[PDB]
Amino acid sequence: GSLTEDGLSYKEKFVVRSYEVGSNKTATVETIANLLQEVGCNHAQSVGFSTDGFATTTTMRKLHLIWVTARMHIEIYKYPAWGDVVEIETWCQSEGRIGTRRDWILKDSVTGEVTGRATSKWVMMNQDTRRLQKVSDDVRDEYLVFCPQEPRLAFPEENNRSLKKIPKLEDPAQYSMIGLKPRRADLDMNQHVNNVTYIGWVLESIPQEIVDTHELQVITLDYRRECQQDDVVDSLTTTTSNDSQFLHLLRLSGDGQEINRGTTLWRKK
Amino acid sequence: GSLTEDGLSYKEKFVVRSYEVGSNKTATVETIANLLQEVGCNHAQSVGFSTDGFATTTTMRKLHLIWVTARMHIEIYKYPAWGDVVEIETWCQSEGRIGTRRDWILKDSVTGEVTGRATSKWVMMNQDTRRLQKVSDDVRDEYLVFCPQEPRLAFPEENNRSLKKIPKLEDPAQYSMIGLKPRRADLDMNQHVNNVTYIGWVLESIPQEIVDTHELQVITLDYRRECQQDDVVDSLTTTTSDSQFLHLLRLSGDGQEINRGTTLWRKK
Ligand SMILES: COC(=O)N1CCN(c2ccc(F)cc2)CC1
Ligand SMILES: COC(=O)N1CCN(c2ccc(F)cc2)CC1
């Protein structure tokens, strides 16, 4: 991987592995999500930021401040097959008082065609209290020299799907998968549940008949609270709709505290 | 990756990814196990065998025959750090009536030092009945041209750790993790639980204090029965000692055994 010529974006190629593919012999959406985080980490490494997933500066580390994902939105047109080469380009931008954004474009290396795109919203928070706090000008200024100044959006449309408000699923859910819990492989280097694990958990409550006859086109996931290493999660889904759409909710098995909400859109094969 | 000059082995390099590392910022043993299966798959692809994990021929597919792992044994001296390049060489050999073997050697690309080694035993079985069945001469002859003729062992020594018999853990277990179940990411392209998932499940019942103060040096795992997509598993561990453990994976309900194993950990 490498920074591009203008140094305002980062590109990396990946060859799809045998264990990375699903029943369609193409990369799963969780494999794609892992690759997005990977190219994000390599971008941070390339310009001197932390590589722990929080992409911090020395100033933020003295204050115990971190960047955390508030929303992930992925749209895939073609999943790459086993052995194919996928090229991923990523960039960041500041969105002032609202927080920050990281975007991605996925392309087939052989044809140069755009096979998918993704966007994510980030907020700043004290890692100990979990209280949000607005970025100071001195912290922000250190990042702006690595971002394009003119708007560069993977999702330019004014009322596009990536910004839609997601409602809260009401009981009873149409489908459920209960008692889900993370194992050590679901944790990162600092013992936090990897953001991709929550994608896998949302999808566990999709009926297998849908997975067998449809392909996932869009997933939007809001991140409200983290699931700790010793927590247990319930995954709930209700059909909201040749296309199928679902409303999703992840909550703690016991008291029902919400950790994530989302929506998915599937197209018939 | 590529076949070597004599065409009797396969080599591939991997750069360790950010999500592949544990709390030590080095590759987890499950990441290593995934890489071993990956280089195995690329070796099969390179010479025309199936790439579904069963490494079959057209003749075996007509008979619904598959190769299945009976034992995996891995020894790691140094786990590769995030961003390091690890080179892995793999080869196969027939062991006649006992079954077959696939070996691996892991090396640090920069120094050329051996950082780990692994071996696995395989048996042939009918995919539908799960009955064992001996390899016919016509089936085995198609594989021998891709294997070294002289013995080439990652663990050459007579009666070494890789061939030791593993006993069955007796109740009560010292430690347990119950109600483990696979999610879609634990399944392969054919909807079977990936062999690496069973490694993760064995390790779930190791106390976190051991993981925090020790490094896994050796893992030997026998594979007795497949955990289906809708099965639920209990992971049991008892200290037998460096720290050593006896492990057992069994179905949550009736206690049917699916795996047994041992691990050896070195203080950091
Ligand atoms: C792993 O973290 C990220 O990918 N992000 C997204 C980009 N971020 C950012 C911060 C300040 C700014 F002015 C512009 C962008 C930081 C968090
Ligand atoms: C994924 O499967 C493997 O890795 N295997 C199984 C098949 N193997 C083999 C080796 C020599 C032989 F004569 C017949 C079969 C051993 C390696």
# chains A, B, ... in the order shown; residues from 1 in each chain; ligands from 1
>>> interface_residues(of="chain A", to="chain B", cutoff="7 Å", atoms="only C-alpha atoms", output="list in words")
residues 17, 18, 19, 21, 22, 23, 25, 38, 183, 188, 189, 190, 191 and 204 of chain A
>>> residues_near_ligand(ligand="ligand 1", cutoff="6 Å", atoms="only C-alpha atoms and all ligand atoms", output="VMD selection string")
chain A and resid 40 53 to 55 67 92 to 94 100 to 102 122 140 143 to 144
>>> residues_near_ligand(ligand="ligand 2", cutoff="9 Å", atoms="only C-alpha atoms and all ligand atoms", output="PyMOL selection string")
chain B and resi 37+40-41+43-44+50-56+66-69+91-96+99-103+120-124+135+139-147
>>> residues_around(residues="range 210-223 of chain B", least_positions_apart="5", cutoff="6 Å", atoms="only C-alpha atoms", output="short mmCIF file (atom, residue, chain, number, x, y, z; two decimals) with N, CA and C atoms, in the first residue's frame")
data_model
loop_
_atom_site.label_atom_id
_atom_site.label_comp_id
_atom_site.auth_asym_id
_atom_site.auth_seq_id
_atom_site.Cartn_x
_atom_site.Cartn_y
_atom_site.Cartn_z
N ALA B 70 -7.34 -35.42 10.87
CA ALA B 70 -7.46 -36.25 12.06
C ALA B 70 -6.69 -35.59 13.24
N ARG B 71 -5.58 -34.90 12.94
CA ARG B 71 -4.75 -34.23 13.95
C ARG B 71 -4.03 -33.04 13.33
N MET B 72 -3.93 -31.95 14.11
CA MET B 72 -3.15 -30.76 13.78
C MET B 72 -2.18 -30.57 14.98
N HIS B 73 -0.91 -30.30 14.69
CA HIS B 73 0.08 -30.07 15.75
C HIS B 73 0.90 -28.88 15.30
N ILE B 74 0.90 -27.80 16.10
CA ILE B 74 1.65 -26.59 15.75
C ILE B 74 2.59 -26.21 16.89
N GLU B 75 3.84 -25.83 16.56
CA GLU B 75 4.83 -25.35 17.52
C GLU B 75 5.34 -24.00 17.03
N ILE B 76 5.19 -22.95 17.86
CA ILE B 76 5.66 -21.61 17.47
C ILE B 76 6.74 -21.16 18.45
N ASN B 259 -13.58 -32.97 19.92
CA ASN B 259 -12.13 -32.76 19.86
C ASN B 259 -11.51 -33.01 21.24
N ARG B 260 -10.23 -33.36 21.23
CA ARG B 260 -9.42 -33.42 22.44
C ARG B 260 -8.05 -32.85 22.06
N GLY B 261 -7.37 -32.29 23.04
CA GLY B 261 -6.07 -31.69 22.77
C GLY B 261 -5.26 -31.37 24.00
N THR B 262 -4.03 -30.94 23.77
CA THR B 262 -3.13 -30.47 24.83
C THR B 262 -2.45 -29.18 24.36
N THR B 263 -2.13 -28.29 25.31
CA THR B 263 -1.36 -27.07 25.02
C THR B 263 -0.20 -26.93 26.02
N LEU B 264 0.87 -26.29 25.56
CA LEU B 264 2.03 -26.04 26.39
C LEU B 264 2.33 -24.54 26.24
N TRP B 265 2.42 -23.84 27.38
CA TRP B 265 2.63 -22.38 27.46
C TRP B 265 3.93 -22.08 28.19
N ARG B 266 4.67 -21.09 27.71
CA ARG B 266 5.93 -20.64 28.28
C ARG B 266 5.71 -19.28 28.95
N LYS B 267 6.19 -19.07 30.20
CA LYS B 267 6.10 -17.78 30.89
C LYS B 267 6.83 -16.70 30.06
N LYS B 268 6.21 -15.52 29.90
CA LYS B 268 6.78 -14.43 29.11
C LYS B 268 8.12 -13.91 29.64
#
>>> atom_distance(atom1="CA of residue 259 in chain A", atom2="CA of residue 198 in chain A")
9.1 Å
>>> select_by_dssp(residues="range 24-200 of chain B", states="strand (DSSP E or B)", output="PyMOL selection string")
chain B and resi 26-27+65-76+81+85-94+100-108+114-126+175-180+187+193
>>> residues_around(residues="residue 10 in chain A", least_positions_apart="6", cutoff="12 Å", atoms="only C-alpha atoms", output="list in words")
residues 1, 2, 3, 4, 36, 38, 39, 40, 41, 42, 43, 44, 45, 46, 47, 87, 88, 89, 90, 91, 92, 102, 103, 104, 105, 146 and 147 of chain A
>>> write_last_selection(atoms="N, CA and C atoms", output="PDB file, in the first residue's frame")
ATOM      1  N   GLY A   1       0.794  -1.226   0.000  1.00  0.00           N
ATOM      2  CA  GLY A   1       0.000   0.000   0.000  1.00  0.00           C
ATOM      3  C   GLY A   1       0.823   1.270   0.000  1.00  0.00           C
ATOM      4  N   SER A   2       0.199   2.387  -0.397  1.00  0.00           N
ATOM      5  CA  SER A   2       0.916   3.653  -0.431  1.00  0.00           C
ATOM      6  C   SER A   2      -0.008   4.862  -0.453  1.00  0.00           C
ATOM      7  N   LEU A   3       0.493   6.002   0.005  1.00  0.00           N
ATOM      8  CA  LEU A   3      -0.209   7.272  -0.151  1.00  0.00           C
ATOM      9  C   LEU A   3      -0.207   7.596  -1.671  1.00  0.00           C
ATOM     10  N   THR A   4      -1.247   8.275  -2.147  1.00  0.00           N
ATOM     11  CA  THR A   4      -1.308   8.672  -3.561  1.00  0.00           C
ATOM     12  C   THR A   4      -0.348   9.869  -3.802  1.00  0.00           C
ATOM     13  N   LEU A  36     -11.453  -2.794   4.947  1.00  0.00           N
ATOM     14  CA  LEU A  36     -11.644  -1.338   5.108  1.00  0.00           C
ATOM     15  C   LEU A  36     -10.896  -0.855   6.344  1.00  0.00           C
ATOM     16  N   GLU A  38      -8.366  -2.341   7.815  1.00  0.00           N
ATOM     17  CA  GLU A  38      -6.951  -2.559   7.509  1.00  0.00           C
ATOM     18  C   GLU A  38      -6.353  -1.407   6.699  1.00  0.00           C
ATOM     19  N   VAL A  39      -6.988  -1.022   5.568  1.00  0.00           N
ATOM     20  CA  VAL A  39      -6.448   0.089   4.775  1.00  0.00           C
ATOM     21  C   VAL A  39      -6.492   1.407   5.595  1.00  0.00           C
ATOM     22  N   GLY A  40      -7.490   1.565   6.473  1.00  0.00           N
ATOM     23  CA  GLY A  40      -7.572   2.726   7.358  1.00  0.00           C
ATOM     24  C   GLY A  40      -6.366   2.801   8.298  1.00  0.00           C
ATOM     25  N   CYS A  41      -5.989   1.663   8.889  1.00  0.00           N
ATOM     26  CA  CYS A  41      -4.854   1.540   9.789  1.00  0.00           C
ATOM     27  C   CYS A  41      -3.544   1.843   9.066  1.00  0.00           C
ATOM     28  N   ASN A  42      -3.389   1.337   7.841  1.00  0.00           N
ATOM     29  CA  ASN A  42      -2.176   1.579   7.062  1.00  0.00           C
ATOM     30  C   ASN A  42      -2.064   3.054   6.677  1.00  0.00           C
ATOM     31  N   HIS A  43      -3.217   3.729   6.424  1.00  0.00           N
ATOM     32  CA  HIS A  43      -3.229   5.165   6.129  1.00  0.00           C
ATOM     33  C   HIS A  43      -2.695   5.934   7.380  1.00  0.00           C
ATOM     34  N   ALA A  44      -3.238   5.625   8.571  1.00  0.00           N
ATOM     35  CA  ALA A  44      -2.771   6.240   9.825  1.00  0.00           C
ATOM     36  C   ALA A  44      -1.246   6.035  10.033  1.00  0.00           C
ATOM     37  N   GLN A  45      -0.758   4.793   9.799  1.00  0.00           N
ATOM     38  CA  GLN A  45       0.655   4.450   9.960  1.00  0.00           C
ATOM     39  C   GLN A  45       1.527   5.281   9.016  1.00  0.00           C
ATOM     40  N   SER A  46       1.086   5.399   7.785  1.00  0.00           N
ATOM     41  CA  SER A  46       1.805   6.147   6.753  1.00  0.00           C
ATOM     42  C   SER A  46       2.071   7.616   7.109  1.00  0.00           C
ATOM     43  N   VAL A  47       1.224   8.253   7.957  1.00  0.00           N
ATOM     44  CA  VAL A  47       1.447   9.671   8.298  1.00  0.00           C
ATOM     45  C   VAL A  47       1.650   9.955   9.810  1.00  0.00           C
ATOM     46  N   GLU A  87      -8.623  -3.418  -5.223  1.00  0.00           N
ATOM     47  CA  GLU A  87      -7.873  -2.239  -4.813  1.00  0.00           C
ATOM     48  C   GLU A  87      -8.811  -1.341  -3.996  1.00  0.00           C
ATOM     49  N   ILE A  88      -8.347  -0.847  -2.857  1.00  0.00           N
ATOM     50  CA  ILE A  88      -9.150   0.012  -1.995  1.00  0.00           C
ATOM     51  C   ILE A  88      -8.467   1.352  -1.755  1.00  0.00           C
ATOM     52  N   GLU A  89      -9.180   2.447  -2.017  1.00  0.00           N
ATOM     53  CA  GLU A  89      -8.682   3.806  -1.797  1.00  0.00           C
ATOM     54  C   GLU A  89      -9.488   4.402  -0.666  1.00  0.00           C
ATOM     55  N   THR A  90      -8.794   5.036   0.293  1.00  0.00           N
ATOM     56  CA  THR A  90      -9.465   5.634   1.438  1.00  0.00           C
ATOM     57  C   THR A  90      -8.957   7.055   1.675  1.00  0.00           C
ATOM     58  N   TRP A  91      -9.820   7.884   2.213  1.00  0.00           N
ATOM     59  CA  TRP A  91      -9.467   9.241   2.584  1.00  0.00           C
ATOM     60  C   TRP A  91     -10.329   9.707   3.782  1.00  0.00           C
ATOM     61  N   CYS A  92      -9.891  10.775   4.445  1.00  0.00           N
ATOM     62  CA  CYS A  92     -10.576  11.354   5.594  1.00  0.00           C
ATOM     63  C   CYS A  92     -10.966  12.774   5.324  1.00  0.00           C
ATOM     64  N   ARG A 102     -14.552   9.041   7.272  1.00  0.00           N
ATOM     65  CA  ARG A 102     -13.557   8.314   6.502  1.00  0.00           C
ATOM     66  C   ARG A 102     -14.362   7.624   5.405  1.00  0.00           C
ATOM     67  N   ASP A 103     -13.943   7.783   4.140  1.00  0.00           N
ATOM     68  CA  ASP A 103     -14.605   7.184   2.982  1.00  0.00           C
ATOM     69  C   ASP A 103     -13.718   6.163   2.297  1.00  0.00           C
ATOM     70  N   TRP A 104     -14.322   5.236   1.539  1.00  0.00           N
ATOM     71  CA  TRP A 104     -13.583   4.220   0.803  1.00  0.00           C
ATOM     72  C   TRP A 104     -14.249   3.939  -0.543  1.00  0.00           C
ATOM     73  N   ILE A 105     -13.427   3.610  -1.540  1.00  0.00           N
ATOM     74  CA  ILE A 105     -13.881   3.160  -2.863  1.00  0.00           C
ATOM     75  C   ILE A 105     -13.187   1.826  -3.133  1.00  0.00           C
ATOM     76  N   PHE A 146      -3.680  16.418   6.184  1.00  0.00           N
ATOM     77  CA  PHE A 146      -3.761  15.092   5.555  1.00  0.00           C
ATOM     78  C   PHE A 146      -5.105  14.843   4.843  1.00  0.00           C
ATOM     79  N   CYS A 147      -6.010  15.836   4.856  1.00  0.00           N
ATOM     80  CA  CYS A 147      -7.341  15.715   4.291  1.00  0.00           C
ATOM     81  C   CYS A 147      -7.489  16.640   3.082  1.00  0.00           C
TER      82      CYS A 147
END
>>> residues_around(residues="residue 197 in chain A", least_positions_apart="6", cutoff="9 Å", atoms="only C-alpha atoms", output="ChimeraX atom specification")
/A:30,182,186-187
>>> residues_around(residues="residue 126 in chain A", least_positions_apart="2", cutoff="10 Å", atoms="only C-alpha atoms", output="MDAnalysis selection string")
chainID A and resid 60:61 63:68 124 128:133
>>> write_last_selection(atoms="N, CA and C atoms", output="PDB file, in the first residue's frame")
ATOM      1  N   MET A  60      -3.672  13.995  21.965  1.00  0.00           N
ATOM      2  CA  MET A  60      -4.871  13.277  22.405  1.00  0.00           C
ATOM      3  C   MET A  60      -4.549  12.168  23.375  1.00  0.00           C
ATOM      4  N   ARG A  61      -3.408  11.490  23.190  1.00  0.00           N
ATOM      5  CA  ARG A  61      -3.027  10.420  24.118  1.00  0.00           C
ATOM      6  C   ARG A  61      -2.723  10.962  25.542  1.00  0.00           C
ATOM      7  N   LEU A  63      -4.339  13.432  26.884  1.00  0.00           N
ATOM      8  CA  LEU A  63      -5.671  13.729  27.405  1.00  0.00           C
ATOM      9  C   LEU A  63      -6.612  12.525  27.505  1.00  0.00           C
ATOM     10  N   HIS A  64      -6.148  11.335  27.114  1.00  0.00           N
ATOM     11  CA  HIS A  64      -6.954  10.114  27.071  1.00  0.00           C
ATOM     12  C   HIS A  64      -8.155  10.271  26.134  1.00  0.00           C
ATOM     13  N   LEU A  65      -7.945  10.955  25.003  1.00  0.00           N
ATOM     14  CA  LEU A  65      -8.950  11.153  23.953  1.00  0.00           C
ATOM     15  C   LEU A  65      -8.742  10.168  22.797  1.00  0.00           C
ATOM     16  N   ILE A  66      -9.867   9.688  22.218  1.00  0.00           N
ATOM     17  CA  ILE A  66      -9.874   8.724  21.107  1.00  0.00           C
ATOM     18  C   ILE A  66     -10.964   9.066  20.083  1.00  0.00           C
ATOM     19  N   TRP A  67     -10.793   8.565  18.849  1.00  0.00           N
ATOM     20  CA  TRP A  67     -11.816   8.694  17.829  1.00  0.00           C
ATOM     21  C   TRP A  67     -12.566   7.358  17.850  1.00  0.00           C
ATOM     22  N   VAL A  68     -13.890   7.417  17.811  1.00  0.00           N
ATOM     23  CA  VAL A  68     -14.710   6.216  17.812  1.00  0.00           C
ATOM     24  C   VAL A  68     -15.770   6.298  16.702  1.00  0.00           C
ATOM     25  N   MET A 124     -15.234  12.222  18.729  1.00  0.00           N
ATOM     26  CA  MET A 124     -14.140  12.233  19.700  1.00  0.00           C
ATOM     27  C   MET A 124     -14.731  12.017  21.122  1.00  0.00           C
ATOM     28  N   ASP A 128     -11.866   6.878  29.015  1.00  0.00           N
ATOM     29  CA  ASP A 128     -12.202   6.390  30.355  1.00  0.00           C
ATOM     30  C   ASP A 128     -13.644   6.707  30.724  1.00  0.00           C
ATOM     31  N   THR A 129     -14.081   7.970  30.535  1.00  0.00           N
ATOM     32  CA  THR A 129     -15.457   8.353  30.908  1.00  0.00           C
ATOM     33  C   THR A 129     -16.504   8.035  29.818  1.00  0.00           C
ATOM     34  N   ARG A 130     -16.038   7.843  28.582  1.00  0.00           N
ATOM     35  CA  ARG A 130     -16.891   7.608  27.415  1.00  0.00           C
ATOM     36  C   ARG A 130     -17.749   8.842  27.059  1.00  0.00           C
ATOM     37  N   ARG A 131     -17.401  10.029  27.603  1.00  0.00           N
ATOM     38  CA  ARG A 131     -18.090  11.270  27.335  1.00  0.00           C
ATOM     39  C   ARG A 131     -17.556  11.852  26.049  1.00  0.00           C
ATOM     40  N   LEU A 132     -18.475  12.278  25.183  1.00  0.00           N
ATOM     41  CA  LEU A 132     -18.096  12.917  23.931  1.00  0.00           C
ATOM     42  C   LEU A 132     -17.567  14.307  24.252  1.00  0.00           C
ATOM     43  N   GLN A 133     -16.666  14.795  23.416  1.00  0.00           N
ATOM     44  CA  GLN A 133     -16.170  16.156  23.548  1.00  0.00           C
ATOM     45  C   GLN A 133     -15.725  16.689  22.199  1.00  0.00           C
TER      46      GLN A 133
END
>>> residues_around(residues="residue 249 in chain A", least_positions_apart="6", cutoff="10 Å", atoms="only C-alpha atoms", output="VMD selection string")
chain A and resid 167 to 170 173 176 201 to 202 205 221 to 222 234 to 238 258 to 263
>>> closest_residue(among="A:70, A:135, A:218, A:185", to="residue 117 in chain A", atoms="only C-alpha atoms")
A:218
>>> closest_residue(among="A:232, A:111, A:179, A:69", to="residue 125 in chain A", atoms="only C-alpha atoms")
A:69
